[PDB]
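The next block is structure.pdb, given as PDB, C-alpha atoms (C1' of nucleotides).
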```pdb
ATOM      1  CA  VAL A   1     -22.341  18.021 -11.097  1.00  0.00           C
ATOM      2  CA  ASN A   2     -25.811  19.498 -11.993  1.00  0.00           C
ATOM      3  CA  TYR A   3     -26.054  21.828  -8.946  1.00  0.00           C
ATOM      4  CA  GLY A   4     -29.432  23.216 -10.110  1.00  0.00           C
ATOM      5  CA  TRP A   5     -31.513  20.188  -9.063  1.00  0.00           C
ATOM      6  CA  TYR A   6     -30.195  20.353  -5.494  1.00  0.00           C
ATOM      7  CA  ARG A   7     -31.859  23.809  -5.339  1.00  0.00           C
ATOM      8  CA  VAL A   8     -35.108  22.357  -6.760  1.00  0.00           C
ATOM      9  CA  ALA A   9     -35.179  19.474  -4.294  1.00  0.00           C
ATOM     10  CA  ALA A  10     -34.357  21.717  -1.310  1.00  0.00           C
ATOM     11  CA  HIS A  11     -37.384  23.968  -2.094  1.00  0.00           C
ATOM     12  CA  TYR A  12     -39.788  21.006  -2.269  1.00  0.00           C
ATOM     13  CA  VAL A  13     -38.258  19.533   0.923  1.00  0.00           C
ATOM     14  CA  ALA A  14     -38.418  22.934   2.695  1.00  0.00           C
ATOM     15  CA  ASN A  15     -42.079  23.533   1.696  1.00  0.00           C
ATOM     16  CA  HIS A  16     -43.004  19.981   2.878  1.00  0.00           C
ATOM     17  CA  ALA A  17     -40.497  20.003   5.805  1.00  0.00           C
ATOM     18  CA  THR A  18     -43.017  18.129   8.066  1.00  0.00           C
ATOM     19  CA  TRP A  19     -42.033  14.800   6.357  1.00  0.00           C
ATOM     20  CA  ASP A  20     -39.657  12.133   7.687  1.00  0.00           C
ATOM     21  CA  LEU A  21     -37.541   9.882   5.354  1.00  0.00           C
ATOM     22  CA  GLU A  22     -40.124   7.055   5.013  1.00  0.00           C
ATOM     23  CA  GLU A  23     -43.185   9.212   4.253  1.00  0.00           C
ATOM     24  CA  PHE A  24     -40.885  11.036   1.778  1.00  0.00           C
ATOM     25  CA  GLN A  25     -40.077   7.732  -0.013  1.00  0.00           C
ATOM     26  CA  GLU A  26     -43.862   7.109  -0.280  1.00  0.00           C
ATOM     27  CA  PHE A  27     -44.083  10.523  -2.065  1.00  0.00           C
ATOM     28  CA  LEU A  28     -41.182   9.835  -4.414  1.00  0.00           C
ATOM     29  CA  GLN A  29     -42.472   6.378  -5.430  1.00  0.00           C
ATOM     30  CA  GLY A  30     -45.683   8.122  -6.589  1.00  0.00           C
ATOM     31  CA  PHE A  31     -43.668  10.888  -8.310  1.00  0.00           C
ATOM     32  CA  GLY A  32     -41.686   8.306 -10.285  1.00  0.00           C
ATOM     33  CA  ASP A  33     -44.862   6.477 -11.436  1.00  0.00           C
ATOM     34  CA  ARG A  34     -46.368   9.820 -12.539  1.00  0.00           C
ATOM     35  CA  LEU A  35     -43.103  10.591 -14.413  1.00  0.00           C
ATOM     36  CA  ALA A  36     -43.152   7.104 -15.998  1.00  0.00           C
ATOM     37  CA  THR A  37     -46.779   7.350 -17.222  1.00  0.00           C
ATOM     38  CA  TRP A  38     -46.339  10.963 -18.388  1.00  0.00           C
ATOM     39  CA  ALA A  39     -43.140  10.161 -20.331  1.00  0.00           C
ATOM     40  CA  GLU A  40     -44.800   7.293 -22.297  1.00  0.00           C
ATOM     41  CA  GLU A  41     -48.127   9.055 -22.977  1.00  0.00           C
ATOM     42  CA  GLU A  42     -46.013  11.804 -24.658  1.00  0.00           C
ATOM     43  CA  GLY A  43     -43.511   9.267 -26.114  1.00  0.00           C
ATOM     44  CA  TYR A  44     -40.475  11.263 -24.798  1.00  0.00           C
ATOM     45  CA  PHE A  45     -38.179   8.184 -24.332  1.00  0.00           C
ATOM     46  CA  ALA A  46     -36.598   5.841 -26.920  1.00  0.00           C
ATOM     47  CA  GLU A  47     -36.815   2.075 -27.454  1.00  0.00           C
ATOM     48  CA  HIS A  48     -33.066   1.727 -26.682  1.00  0.00           C
ATOM     49  CA  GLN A  49     -30.779  -0.763 -28.534  1.00  0.00           C
ATOM     50  CA  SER A  50     -30.165  -4.429 -27.506  1.00  0.00           C
ATOM     51  CA  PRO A  51     -26.503  -5.255 -28.402  1.00  0.00           C
ATOM     52  CA  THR A  52     -25.666  -7.779 -25.601  1.00  0.00           C
ATOM     53  CA  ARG A  53     -28.455 -10.163 -26.757  1.00  0.00           C
ATOM     54  CA  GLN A  54     -26.984 -10.311 -30.249  1.00  0.00           C
ATOM     55  CA  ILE A  55     -23.371 -10.953 -29.167  1.00  0.00           C
ATOM     56  CA  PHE A  56     -24.676 -13.522 -26.613  1.00  0.00           C
ATOM     57  CA  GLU A  57     -26.608 -15.405 -29.312  1.00  0.00           C
ATOM     58  CA  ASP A  58     -23.303 -15.440 -31.280  1.00  0.00           C
ATOM     59  CA  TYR A  59     -21.378 -16.571 -28.153  1.00  0.00           C
ATOM     60  CA  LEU A  60     -23.740 -19.544 -27.883  1.00  0.00           C
ATOM     61  CA  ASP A  61     -23.359 -20.248 -31.623  1.00  0.00           C
ATOM     62  CA  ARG A  62     -19.523 -20.424 -31.256  1.00  0.00           C
ATOM     63  CA  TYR A  63     -19.159 -22.274 -27.928  1.00  0.00           C
ATOM     64  CA  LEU A  64     -22.320 -24.321 -26.974  1.00  0.00           C
ATOM     65  CA  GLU A  65     -23.064 -27.793 -28.411  1.00  0.00           C
ATOM     66  CA  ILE A  66     -25.789 -30.396 -27.743  1.00  0.00           C
ATOM     67  CA  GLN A  67     -25.045 -33.831 -29.297  1.00  0.00           C
ATOM     68  CA  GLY A  68     -26.368 -33.837 -32.916  1.00  0.00           C
ATOM     69  CA  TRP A  69     -26.161 -30.065 -33.558  1.00  0.00           C
ATOM     70  CA  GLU A  70     -24.691 -28.992 -36.903  1.00  0.00           C
ATOM     71  CA  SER A  71     -21.353 -27.133 -36.420  1.00  0.00           C
ATOM     72  CA  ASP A  72     -19.129 -24.726 -38.424  1.00  0.00           C
ATOM     73  CA  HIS A  73     -15.413 -23.817 -38.349  1.00  0.00           C
ATOM     74  CA  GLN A  74     -14.950 -20.491 -36.443  1.00  0.00           C
ATOM     75  CA  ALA A  75     -13.757 -17.418 -38.388  1.00  0.00           C
ATOM     76  CA  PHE A  76     -10.615 -16.729 -36.265  1.00  0.00           C
ATOM     77  CA  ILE A  77      -9.604 -14.088 -38.870  1.00  0.00           C
ATOM     78  CA  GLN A  78     -11.924 -11.575 -37.096  1.00  0.00           C
ATOM     79  CA  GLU A  79     -10.072 -12.152 -33.781  1.00  0.00           C
ATOM     80  CA  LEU A  80      -6.739 -11.330 -35.488  1.00  0.00           C
ATOM     81  CA  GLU A  81      -8.139  -8.432 -37.568  1.00  0.00           C
ATOM     82  CA  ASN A  82      -9.456  -6.823 -34.358  1.00  0.00           C
ATOM     83  CA  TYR A  83      -6.012  -7.222 -32.682  1.00  0.00           C
ATOM     84  CA  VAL A  84      -4.118  -5.831 -35.728  1.00  0.00           C
ATOM     85  CA  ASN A  85      -6.315  -2.697 -35.587  1.00  0.00           C
ATOM     86  CA  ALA A  86      -6.627  -2.391 -31.761  1.00  0.00           C
ATOM     87  CA  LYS A  87      -4.191   0.615 -31.622  1.00  0.00           C
ATOM     88  CA  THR A  88      -5.206   2.118 -35.014  1.00  0.00           C
ATOM     89  CA  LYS A  89      -7.820   4.939 -35.564  1.00  0.00           C
ATOM     90  CA  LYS A  90     -10.162   2.477 -37.305  1.00  0.00           C
ATOM     91  CA  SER A  91     -11.025   0.888 -33.906  1.00  0.00           C
ATOM     92  CA  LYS A  92     -13.896   2.770 -32.175  1.00  0.00           C
ATOM     93  CA  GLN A  93     -13.904   1.209 -28.673  1.00  0.00           C
ATOM     94  CA  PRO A  94     -10.905  -0.395 -26.869  1.00  0.00           C
ATOM     95  CA  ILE A  95     -10.115  -4.124 -27.288  1.00  0.00           C
ATOM     96  CA  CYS A  96     -11.007  -6.395 -24.344  1.00  0.00           C
ATOM     97  CA  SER A  97      -8.414  -6.604 -21.529  1.00  0.00           C
ATOM     98  CA  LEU A  98      -9.767 -10.009 -20.281  1.00  0.00           C
ATOM     99  CA  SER A  99      -9.949 -11.880 -23.657  1.00  0.00           C
ATOM    100  CA  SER A 100      -8.836 -11.775 -27.335  1.00  0.00           C
ATOM    101  CA  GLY A 101     -11.403  -9.283 -28.678  1.00  0.00           C
ATOM    102  CA  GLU A 102     -13.325 -11.720 -30.974  1.00  0.00           C
ATOM    103  CA  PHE A 103     -16.661 -10.131 -29.858  1.00  0.00           C
ATOM    104  CA  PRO A 104     -17.554  -6.395 -29.755  1.00  0.00           C
ATOM    105  CA  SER A 105     -16.139  -4.542 -26.738  1.00  0.00           C
ATOM    106  CA  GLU A 106     -16.812  -1.342 -24.830  1.00  0.00           C
ATOM    107  CA  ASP A 107     -14.972   0.808 -22.288  1.00  0.00           C
ATOM    108  CA  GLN A 108     -14.847  -0.449 -18.696  1.00  0.00           C
TER     109      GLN A 108
ATOM    110  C1'   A B   1       5.563  -4.412 -34.706  1.00  0.00           C
ATOM    111  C1'   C B   2       7.774 -11.444 -30.023  1.00  0.00           C
ATOM    112  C1'   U B   3       0.169 -11.414 -26.262  1.00  0.00           C
ATOM    113  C1'   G B   4       5.451  -6.272 -29.261  1.00  0.00           C
ATOM    114  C1'   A B   5       8.551  -1.129 -28.828  1.00  0.00           C
ATOM    115  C1'   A B   6      10.520   2.267 -23.290  1.00  0.00           C
ATOM    116  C1'   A B   7       9.440   0.479 -17.888  1.00  0.00           C
ATOM    117  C1'   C B   8      13.281   1.747  -9.832  1.00  0.00           C
ATOM    118  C1'   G B   9       7.304  -0.598  -5.037  1.00  0.00           C
ATOM    119  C1'   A B  10       9.663   4.390  -4.739  1.00  0.00           C
ATOM    120  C1'   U B  11      10.408   8.499  -1.339  1.00  0.00           C
ATOM    121  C1'   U B  12      11.512   9.521   4.397  1.00  0.00           C
ATOM    122  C1'   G B  13      12.640   7.412   9.058  1.00  0.00           C
ATOM    123  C1'   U B  14      18.202   6.517  15.414  1.00  0.00           C
ATOM    124  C1'   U B  15      15.640  -0.154  18.373  1.00  0.00           C
ATOM    125  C1'   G B  16      14.462   4.235  20.953  1.00  0.00           C
ATOM    126  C1'   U B  17      13.770   6.333  26.008  1.00  0.00           C
ATOM    127  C1'   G B  18      15.752   5.543  32.017  1.00  0.00           C
ATOM    128  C1'   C B  19      18.960   2.536  34.823  1.00  0.00           C
ATOM    129  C1'   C B  20      25.172   2.855  40.445  1.00  0.00           C
ATOM    130  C1'   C B  21      27.541  -4.687  39.623  1.00  0.00           C
ATOM    131  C1'   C B  22      24.861  -2.789  43.812  1.00  0.00           C
ATOM    132  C1'   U B  23      24.698  -4.001  49.421  1.00  0.00           C
ATOM    133  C1'   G B  24      28.283  -5.995  53.940  1.00  0.00           C
ATOM    134  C1'   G B  25      33.325  -7.282  55.316  1.00  0.00           C
ATOM    135  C1'   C B  26      39.505  -5.587  60.685  1.00  0.00           C
ATOM    136  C1'   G B  27      44.997  -9.086  56.575  1.00  0.00           C
ATOM    137  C1'   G B  28      43.195 -11.131  61.192  1.00  0.00           C
ATOM    138  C1'   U B  29      45.286 -14.061  65.189  1.00  0.00           C
ATOM    139  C1'   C B  30      50.005 -15.494  68.695  1.00  0.00           C
ATOM    140  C1'   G B  31      55.162 -13.921  69.283  1.00  0.00           C
ATOM    141  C1'   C B  32      60.753 -10.921  75.100  1.00  0.00           C
ATOM    142  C1'   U B  33      65.859  -8.799  69.809  1.00  0.00           C
ATOM    143  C1'   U B  34      66.577 -13.193  72.971  1.00  0.00           C
ATOM    144  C1'   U B  35      70.850 -16.154  75.013  1.00  0.00           C
ATOM    145  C1'   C B  36      76.695 -15.165  77.627  1.00  0.00           C
ATOM    146  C1'   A B  37      80.019 -11.371  79.024  1.00  0.00           C
ATOM    147  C1'   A B  38      84.558  -8.426  85.372  1.00  0.00           C
ATOM    148  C1'   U B  39      86.278  -1.700  82.677  1.00  0.00           C
ATOM    149  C1'   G B  40      89.936  -5.550  83.082  1.00  0.00           C
ATOM    150  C1'   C B  41      95.374  -6.276  83.763  1.00  0.00           C
ATOM    151  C1'   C B  42     100.240  -3.238  87.214  1.00  0.00           C
ATOM    152  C1'   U B  43     101.413   1.176  90.115  1.00  0.00           C
TER     153        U B  43
END
```
Can I see the file as structure tokens?
Amino acid sequence: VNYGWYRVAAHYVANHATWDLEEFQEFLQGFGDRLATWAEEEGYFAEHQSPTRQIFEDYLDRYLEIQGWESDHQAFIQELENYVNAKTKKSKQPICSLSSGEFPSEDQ
RNA sequence: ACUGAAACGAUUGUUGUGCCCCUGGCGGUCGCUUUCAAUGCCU
């Protein structure tokens, strides 16, 4: 619940108590852009992963066809292998509740 | 392991509370217990 920041904010809002909500939002938009520039001049944030692009490129490769595309037989073994292990310690995230689990899944 | 193995939409609850089959009403009207009779017969 990170109670400490509510004390920080309440000091800045008490010191500048003359503000209304809209001239406050004009402050905080400038505070965010300072934070953004400062974070990337120091390099203090990561180039985070891109997993949904990869599984989406593989979703297209299984299920989209234009006439005259080359096509392969799907490896349905991976869809069974993921079900056979869905309740076994060697599965890291839960299996999909809306589908078979042939693509990587994550908690809802 | 049947997309599996076990699997209570459940618990509690008043169709309730008030209510005059009520008000008005003459068993009424007409009607002779009537009609006839020797306290009699003799001293």
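Those residues returned by the PyMOL selection byres ((chain A) within 10 of (chain B)) for this file are residues 83, 84 and 100 of chain A.
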Practice problem: Tell me, in Å to one decimal, how far atom CA of residue 51 of chain A is from atom CA of residue 104 of chain A. | Solution: 9.1 Å
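With the shown file loaded, the PyMOL selection byres ((chain A and resi 101) around 10) picks out residues 78, 79, 80, 81, 82, 83, 86, 94, 95, 96, 97, 98, 99, 100, 102, 103, 104 and 105 of chain A.
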Quiz item: Rounded to one decimal in Å, what is the spacing between atom CA of residue 18 of chain A and atom CA of residue 34 of chain A?
Solution: 22.5 Å
Self-check item: Two-atom distance - atom CA of residue 22 of chain A, atom CA of residue 3 of chain A (Å)
Solution: 24.7 Å
Self-check item: For residue 52 of chain A: contacts at 12 Å, all atoms listed in the file, fewer than 3 positions along chain excluded, given as an MDAnalysis selection string
Solution: chainID A and resid 49 55:59 103:106
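Counting only C-alpha atoms and comparing A:39, A:46, A:1, A:28, the residue that lies closest to residue 13 of chain A is A:28.
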